[PDB]
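Just below is one structure, and these are the notes that go with it.
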Amino acid sequence: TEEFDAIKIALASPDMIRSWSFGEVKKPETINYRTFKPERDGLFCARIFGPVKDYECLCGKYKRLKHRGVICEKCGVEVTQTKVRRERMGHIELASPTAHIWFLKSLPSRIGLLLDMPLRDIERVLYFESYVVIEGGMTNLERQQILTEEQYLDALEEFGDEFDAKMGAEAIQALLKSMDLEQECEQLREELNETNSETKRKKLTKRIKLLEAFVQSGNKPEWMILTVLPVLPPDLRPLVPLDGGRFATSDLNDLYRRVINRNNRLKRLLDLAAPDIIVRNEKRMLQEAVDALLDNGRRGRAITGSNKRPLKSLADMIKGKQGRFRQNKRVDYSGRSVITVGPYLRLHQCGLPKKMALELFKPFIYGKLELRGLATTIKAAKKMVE
Amino acid sequence: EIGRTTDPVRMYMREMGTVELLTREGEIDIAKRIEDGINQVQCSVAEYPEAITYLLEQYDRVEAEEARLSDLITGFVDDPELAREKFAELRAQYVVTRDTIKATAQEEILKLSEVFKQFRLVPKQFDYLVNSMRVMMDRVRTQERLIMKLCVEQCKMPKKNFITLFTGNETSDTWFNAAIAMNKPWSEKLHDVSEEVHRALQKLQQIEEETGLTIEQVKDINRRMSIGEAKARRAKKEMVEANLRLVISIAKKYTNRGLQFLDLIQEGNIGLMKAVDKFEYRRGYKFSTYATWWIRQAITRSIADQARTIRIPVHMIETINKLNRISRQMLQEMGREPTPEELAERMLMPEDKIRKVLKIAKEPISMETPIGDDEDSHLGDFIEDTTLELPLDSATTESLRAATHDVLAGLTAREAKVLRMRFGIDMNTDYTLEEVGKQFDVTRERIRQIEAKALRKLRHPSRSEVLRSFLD
Amino acid sequence: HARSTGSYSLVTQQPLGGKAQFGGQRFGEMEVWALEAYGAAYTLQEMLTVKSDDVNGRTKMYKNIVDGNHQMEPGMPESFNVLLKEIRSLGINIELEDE
Amino acid sequence: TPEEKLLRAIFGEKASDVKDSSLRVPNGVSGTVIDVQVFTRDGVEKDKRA
Amino acid sequence: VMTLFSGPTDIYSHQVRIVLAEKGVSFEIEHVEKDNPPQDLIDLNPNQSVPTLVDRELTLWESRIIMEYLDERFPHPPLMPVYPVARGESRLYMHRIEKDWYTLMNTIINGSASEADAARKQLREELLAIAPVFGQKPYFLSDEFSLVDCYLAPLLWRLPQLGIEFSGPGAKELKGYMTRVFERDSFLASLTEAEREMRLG
Amino acid sequence: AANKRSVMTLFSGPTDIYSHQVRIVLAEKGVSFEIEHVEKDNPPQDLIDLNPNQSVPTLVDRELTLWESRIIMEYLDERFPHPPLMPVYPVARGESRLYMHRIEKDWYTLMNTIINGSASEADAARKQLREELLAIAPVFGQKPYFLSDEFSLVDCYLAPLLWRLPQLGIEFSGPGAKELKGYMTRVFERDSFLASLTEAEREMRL
Ligand SMILES: [Zn+2]
C-alpha cells in the first residue's frame, strides 16, 4: 500500500456500515455438529466471509486449478484463498434502533449535551418509562417535555393531531434527526453574550463548542443511534477445535448469539402482533444486548453462561492491559540462559553456546551449505544440520 | 418510585403486576367477547359474495384434487361423507341467489350467504379472505387519497366539500357536474383534468365488478369486518396481561440452562399468546390447566434451539436427556457407577450410538479461561495455528521451480512444451493428450509417445541428479 | 531455549511455543524505549515488522537470508489490521488517507 | 501441486494413504526407557505387546 | 452490492438483464432518466454510457465486456460453447448482428421517415432468410438457449414499436421462435414495465 | 482452397496495425502461419470471396474466416494455450478486456484523425496524445508491463501503437520520459516482437 499518512477517524453512518459488509447474518448458529463445515447464513458462513479450505468451494464441485474465480452455484462460495476469511465483515439489520452505549454513557453524554437534556432523563426514556414529546406546535408543551404515562394520557384525550409523543430508543433518533446545528449555533452565539454568570457562560461555551464540531466535521447527529450493527470477521473470533473433541471459542460468539437471537424474536412479535407490554419489553431487552457487546460492564455485567466470570466485549479488548493491543510484539530469533562470568573476554565480546548459536543462525547457515556446494538442495541441508 | 433501578427484571415486575388476576367467571366473560369477535368477522365475509368464489373453485377442484378435505372444512357446525352433501346443498342457492339481479336483488344474494353461517372453514385460507378484500382498500384508498390532491392541489378546489357526494360511491359523476356547477375557477378548471380524475378511478370500477357489488357495499364489507378483528385484539390482550404473572411461576424451574432468566419468560409469552389463541372454554377446564401446557411447551422447545454454541438438533436432545435420566437411575440401584455397556442393556441402543451420543453434549471452553496460577495469560495465547506453512516448506517449492525450469529446460524444444502442457507447469489448468494434439496439429497416439520417451530421458541419471534430491 | 522460526499464534500472527519451539522473547514496551534512546531505527523496524508480525514480509526475509541478500521489505504488521477490524466493529469508522 | 505432480511421475514415488505422527523424544534429552504402560478402550483387541 | 445502471428501454440494457435474471444473480438496478442516468455516475464511469456494472470493486461498460464477465464468473447454466472451435462461431455471429442489424435500427428511430423505409424492408428480407433455419434447432443455431440468442430476444421484442412484422412467409418457422423463448422466466422476469407495452405480451 | 489444409489462412495488412497486433499473438504462441502482405486495391482472391465482410486482417482455419482482431487474437489465446497470454481470474480478466476497449476507442481515433485531420488536429491529436501518454508514466515503475507483471494481450495493444510513434510525427518530451522510454527498451525487442515485425514498418525507426 502506498505511502499513506493521516489516519482519519469519524462516525459511521448506516449507509456505510452496510457498505463494508458482504451480506446479512440472519441466524444464530455457527457450525454443523456432524460434519464441522460451517452452516449457511449463520455466524461462521462461507457465502459471507469466504471459503474455508484454500481454493475450493464448500460442497466440493470446484477444486481444480481451472476454476479459480468463479462463485459456486450450489453454495455460493467464491473459490479464493482462505486468508480472505479474515478481512471480510458481515452486518446484522436491527429490527429497531438502539443507542450507542459509548455516546450515551460516557461521562459528558454526547447525546446529552447535544440536546441540552439531563442524562437522568434520557435514561428515563430509553427504558420506555416516560413519554417525550416531538413537535408540540400550538399547545402547552415544549419540544422536549417529559410527559409521564399519565400526563400524556391525560394530554392525549384533548389533542389527537398537531402533536406527537414517542418513547424509547426510537425517540432520541427523532429528537436528533430534526435538530439543526446551524439555527441553534448562531442563535447561541447571541445567547452566550447576554448570560452573566461565571458558571453559566463557562459551560455555555462548552455546548456551543460541541455543536461547532458536528458541522465542519461532516457528521450528522443521528448517527449515534445504531441501525445496522456490523459483525467481526470469523477468524478474529475463532472457533478452533482443541485436541480431543472440545472447541475453544472466543467470548464474542457468546455475545453475538445473544443479539441475533433477541433481534430475531423481535422480528416475530411485530408479525404476531403481541401487546405493547411485551414488545415494549423486547426493545428494552434487545438494547441491553447491543450495549453488552460494545462495552460490557456499564450495566448489570452480563456474566458468561456455563461459567462464572464476566464476558469480554469489544471495548474490553483495546482497553488497557497496561498498554496497547498492537505494539505498545513477541519476537523471533531469540533465546535466554543463565549468565556467568568469563573474565578472559575483551570488552566487546560475549560468549554464546554452540547449542544456541546453531539455532539462531539457522537460515544463515543454510546459505553456506548451499553456496559452498556441500548440500545440493535446501532439504538436504536441513538434514546435515540435524 | 424509579429508585435508580436498572435491570429489566426489576422493571418487568414493576410494570407487570399493576394489572389484577382474573376470576374464573371473568375468563369465560372475556372468551365470550372474542367468541363474538371473530363471529363479527366471518359473518362479515358472508356479506362478501366472493366468499365462496375462492372456495367454489376448491370444491370444484376438491374432488378433482386442487384442494384437500382438511384445509377448508373440519366437520360442519350445529371427507366425502359431509362435503358431498353440504357444499352440494349449496349448489341450489349458489347461482339462484345471484339470479335476482342477473326488488329482492339483495335478499337472494343475502339468502345464499344468510345460510352460509353453518359452513365451517379452516385456518389455512381464512387469512387469504382477509388478505383479499384488504388490498382492495389500497386499490381504492390511495386512489381516493389522490382524488383530494388531484382535485385540491391541482385544481385549487377544497377537499372537505366534494367528498360529501363522491366518497363511498367512488364511481358516479358527483363532482363531474356538481362541483363544476358552482361557477368557481376550480370548478370550471375541473373540466380540464376531468379524464384522469375519471380514469384513475377506473381500475376500482373493476373492483365493484371484482365482487359484483357496488363500492358502497364493498365499503361496509371490508370496513365492518375490521371492527370484528379489533373487537378481539383488545380482547386477547386482556388475557395476556392478566395471566402474565403465570409464566414467571412456570419459567423459574429452567433458570439455569444456559439461557438468561429474561430470555426465558419472553419465550413463554409467545407460547401463552398461542394458548389463548386456541383456547376453548366450553370444555370447562380452567385456563391455567390448559395454558400450562402450551407455555411449558415453548420453553422446552426454545432451550433445545438456542442454548448451545454448536447446536445439536431437537430430536437428539430427547436422546441425550434420556441418557442422564437413565444413567442416574442406574447410579442408585447399581451404586458404584454406570458402564458404557450397561446403558446398552438398560436402554435399547445399538451399543455404538451410546458411544456417539457421548461425544456430543460437551460445550466449548471459552478462549479466555485463565490458565493455572492465574498469571497474566489466557488460553488464547497457547493455541498455535496450522493453516500457515513452514517457510522452509515454502522455500522448497520456490526452489523446486528452479530445477523444473532448468532441468526441463535441458530437454529438446518441441518435446518439452508438451511435457509442460501435459502437467500444469508454469501455466493454467492441465490438459488432455488429444486435447493437446489439436495444438501440435498432428492428432494421433504420438502425443502419448513424445512425452512417453522424453520423460524416460529425464528419468535417466545426471538429468535427475538435481531433481532426485527432493525425495526422501 | 532458542528459536529461529516456529509456530505462530492464531488470532494475531505473532510467535508462541506449542510445537517443541517455545515463543520468542518478550520485546516488551520497556525495551522499545531503549532502541529509541539510541538513534537505532532500522533495528527497531525489523524487530516488530519482519521478525514478528508481518505475514508475507517475513517469508521473503527468510528467502533473502538463505540466498545471502540481507535486505527486508517491511509491509504492515498483522496486529494493526486487527485493530481496524476491532474498531470498525463498534460504531467508529477508521481509515487511512492517501498521499 | 502442479510442479511436484511431475516430480512424482518421473520417479513414481507412491503417495502414502497415511500420515506419520508418531511420538519422538524431545530434543536435548537422553536416558533409558525404564517403564512402559498401555491403556486400551474395552472393546478393541490387545496387540501382542499389550 | 451488485448494482446496474440499466436503461429503461434500450435493447442493450435489456441485453444484460436477460443474462442477470438467467444466471440467478442477486442484483439491484438503478434506472436512467431516458437513456441518461445522473451526472453522478461519471466518477465510476468516465464515458457516462449505460449500461454499466458495479460489483463492490469493479466497473465495466460496453456490455460485450459485461456479459462475458457474468458468463465467465457465474458458471451454470452456461451460455457459450465448450471447445474453442464453436466459441469463435458464437463470438463472431454476435459480432454480425451487433454490426449490421443494431446500427441498422438507428435511422428507424433516429433517422428521418425517408430512411426509415430504407432500413425497414431491406432488413425484413434478412429477417425471414434465417427463418427456415429454425427447423434445424429450437434456437438460433442451438438446441439450448445461449448467448447468441441474447441479442435476438430483446431485438424481436422491439418489432411492433418500430413497425415491421411477419405476414405469411417469414412467420411460420420464425414466430415459433418467439413463442418458445418469450416464456422463459429469465426473459419473463426481465421484462420491465416500459419495455412491456410495446407489444401485447 | 483456403481451409483445405491443416494450417491457418491469414490475409494480413502490410501496414495496417490490425494485422500487426495479430502478428505478435500469432507468432508468440509458436505456430506456423502464412503471411500475405496484401492491399485493399488488390488483395488475394480468397480474401474477397470467402470474406463476406471484407476486412483486414482475416484468419481462416478449416471452418471459416475470422476477423475483427479482438475476435482473432482471442480465438488463438483460447485454443492454442501455451504459453498463456491472459489471466485466470474473471475479475482481472474483465478489466484486461477493458483496457483494450479503452485503447481501441481512446488511442485509435488519434491515429485515424492524424491520418485524415487538419494541420492543427495533427498537433491537437499529437497534443492530447503525447502529453497524456506521459500521464500514465508512473505506471511502469510498479509493474514491468501494463499493470500485469506477465506479458499479456493488453501489452500487445500498446507496442504496435507504440511502434508507429514517429510514423505519424510524434516525439516525447518532459520529466520522467526515461521511465516510459526505458520501458520501451524492455518490450520493443522481444522474440514475439522481433520475429513478428514487418520490415516495411521497421524503416521508420531510423
Ligand atoms: Zn458448492
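Quick note on naming: the chains in the C-alpha cells go A, B, ... in the order shown, residues restart at 1 in each chain, and ligands are numbered from 1 in order of appearance.
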
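Backbone DSSP over range 124-259 of chain A yields strand (DSSP E) at residues 132, 133, 134, 164, 165, 166, 225, 226, 227, 228, 229, 230, 231, 239, 240, 241, 247, 248 and 249 of chain A.
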
**Message:** I'd like the contact shell of residue 121 in chain E - 12 Å cut-off, only C-alpha atoms, skipping same-chain residues fewer than 4 positions apart - returned as a list in words.
**Reply:** residues 104, 105, 108, 115, 116, 117, 125, 126, 127, 128, 162, 163, 164, 165 and 166 of chain E

**Request:** Please return, as a PyMOL selection string, all residues of chain A lying within 6 Å of chain B when only C-alpha atoms are considered.
**Result:** chain A and resi 31+65-66+246-250+275+305

Please dump the current selection as an mmCIF file, in the first residue's frame; keep N, CA, C and O atoms.
```
data_model
loop_
_atom_site.group_PDB
_atom_site.id
_atom_site.type_symbol
_atom_site.label_atom_id
_atom_site.label_comp_id
_atom_site.auth_asym_id
_atom_site.auth_seq_id
_atom_site.Cartn_x
_atom_site.Cartn_y
_atom_site.Cartn_z
ATOM 1 N N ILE A 31 -21.839 -23.876 13.492
ATOM 2 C CA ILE A 31 -21.382 -24.996 12.686
ATOM 3 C C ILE A 31 -22.367 -26.153 12.819
ATOM 4 O O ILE A 31 -23.444 -26.015 13.391
ATOM 5 N N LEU A 65 -7.560 -26.380 -10.561
ATOM 6 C CA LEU A 65 -6.945 -25.077 -10.749
ATOM 7 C C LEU A 65 -7.507 -24.321 -11.940
ATOM 8 O O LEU A 65 -7.099 -23.181 -12.178
ATOM 9 N N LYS A 66 -8.427 -24.923 -12.693
ATOM 10 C CA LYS A 66 -9.106 -24.191 -13.752
ATOM 11 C C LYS A 66 -10.081 -23.180 -13.165
ATOM 12 O O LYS A 66 -10.083 -22.005 -13.543
ATOM 13 N N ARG A 246 -13.088 -31.109 22.285
ATOM 14 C CA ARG A 246 -13.576 -29.825 22.756
ATOM 15 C C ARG A 246 -13.162 -28.720 21.796
ATOM 16 O O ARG A 246 -12.147 -28.823 21.104
ATOM 17 N N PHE A 247 -13.966 -27.663 21.746
ATOM 18 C CA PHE A 247 -13.666 -26.466 20.978
ATOM 19 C C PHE A 247 -13.321 -25.339 21.935
ATOM 20 O O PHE A 247 -13.733 -25.364 23.097
ATOM 21 N N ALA A 248 -12.580 -24.356 21.451
ATOM 22 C CA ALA A 248 -12.158 -23.224 22.266
ATOM 23 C C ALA A 248 -12.648 -21.943 21.600
ATOM 24 O O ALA A 248 -11.908 -21.288 20.867
ATOM 25 N N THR A 249 -13.888 -21.570 21.889
ATOM 26 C CA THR A 249 -14.495 -20.407 21.267
ATOM 27 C C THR A 249 -14.005 -19.122 21.922
ATOM 28 O O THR A 249 -13.668 -19.082 23.105
ATOM 29 N N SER A 250 -13.971 -18.054 21.135
ATOM 30 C CA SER A 250 -13.779 -16.732 21.698
ATOM 31 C C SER A 250 -15.047 -16.301 22.418
ATOM 32 O O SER A 250 -16.124 -16.856 22.213
ATOM 33 N N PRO A 275 -49.204 -7.662 22.476
ATOM 34 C CA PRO A 275 -49.499 -6.381 23.119
ATOM 35 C C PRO A 275 -48.233 -5.566 23.315
ATOM 36 O O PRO A 275 -47.118 -6.040 23.108
ATOM 37 N N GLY A 305 -22.400 -17.482 30.569
ATOM 38 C CA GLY A 305 -23.094 -18.704 30.895
ATOM 39 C C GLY A 305 -22.136 -19.872 30.965
ATOM 40 O O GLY A 305 -21.037 -19.858 30.410
#
```

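Going from CA of residue 80 in chain F over to CA of residue 438 in chain B, you cover 8.4 Å.
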
**Asked** Got a sec to pull out which chain C residues are within 9 Å of chain B, counting only C-alpha atoms, and send them as a PyMOL selection string?
**Response** chain C and resi 5-11+13+15-19+58-60+62-63+66

**Item:** Which of range 30-203 of chain F DSSP labels alpha helix (DSSP H), written as an NGL selection string
**Value:** :F and (45-49 or 72-79 or 90-104 or 109-116 or 119-135 or 139-142 or 153-156 or 159-163 or 177-187 or 191-194 or 199-202)

**Prompt:** Near residue 156 in chain F, within 8 Å and counting only C-alpha atoms, which residues show up once chain neighbours fewer than 4 positions away are dropped, as a list in words?
**Reply:** residues 21, 24, 25, 152 and 160 of chain F

Now that the selection is made, can you save its residues with N, CA and C atoms as a PDB file, in the first residue's frame?
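Output contents, as saved in selection_16.pdb:
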```pdb
ATOM      1  N   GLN F  21      -1.016  -6.164 -34.818  1.00  0.00           N
ATOM      2  CA  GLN F  21      -1.455  -6.606 -33.500  1.00  0.00           C
ATOM      3  C   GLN F  21      -1.642  -8.115 -33.483  1.00  0.00           C
ATOM      4  N   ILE F  24       1.813 -10.526 -33.498  1.00  0.00           N
ATOM      5  CA  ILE F  24       2.563 -10.819 -32.284  1.00  0.00           C
ATOM      6  C   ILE F  24       1.943 -11.997 -31.548  1.00  0.00           C
ATOM      7  N   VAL F  25       0.645 -11.923 -31.265  1.00  0.00           N
ATOM      8  CA  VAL F  25      -0.036 -13.044 -30.628  1.00  0.00           C
ATOM      9  C   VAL F  25      -0.044 -14.258 -31.544  1.00  0.00           C
ATOM     10  N   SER F 152       1.077 -10.059 -21.565  1.00  0.00           N
ATOM     11  CA  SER F 152      -0.323 -10.397 -21.827  1.00  0.00           C
ATOM     12  C   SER F 152      -0.807  -9.551 -23.001  1.00  0.00           C
ATOM     13  N   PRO F 160       2.460  -2.241 -30.952  1.00  0.00           N
ATOM     14  CA  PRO F 160       2.176  -1.797 -32.323  1.00  0.00           C
ATOM     15  C   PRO F 160       1.669  -0.368 -32.403  1.00  0.00           C
TER      16      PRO F 160
END
```

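Rounded to one decimal, CA of residue 71 in chain F and CA of residue 22 in chain E lie 25.0 Å from each other.
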
**Request:** Within 10 Å of ligand 1, which residues show up when you count only C-alpha atoms and all ligand atoms? List them as a PyMOL selection string, please.
**Result:** chain A and resi 46-47+56-62+71-79

Within 12 Å of chain C, which residues of chain D come that close, and what is the closest atom pair and distance in Å for each? Count only C-alpha atoms and give it as a Markdown table.
```
| residue | atom | partner | partner_atom | distance |
| --- | --- | --- | --- | --- |
| D:24 | CA | C:20 | CA | 11.0 |
| D:25 | CA | C:20 | CA | 10.5 |
| D:26 | CA | C:20 | CA | 7.4 |
| D:27 | CA | C:20 | CA | 8.2 |
| D:28 | CA | C:1 | CA | 10.8 |
```

Just C-alpha atoms for this one: save the residues we selected as a short mmCIF file (atom, residue, chain, number, x, y, z; two decimals), in the first residue's frame.
```
data_model
loop_
_atom_site.label_atom_id
_atom_site.label_comp_id
_atom_site.auth_asym_id
_atom_site.auth_seq_id
_atom_site.Cartn_x
_atom_site.Cartn_y
_atom_site.Cartn_z
CA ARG D 24 9.54 -38.87 19.20
CA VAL D 25 11.72 -37.97 22.16
CA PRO D 26 12.01 -34.21 22.83
CA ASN D 27 15.25 -32.64 21.68
CA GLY D 28 18.18 -32.46 24.05
#
```
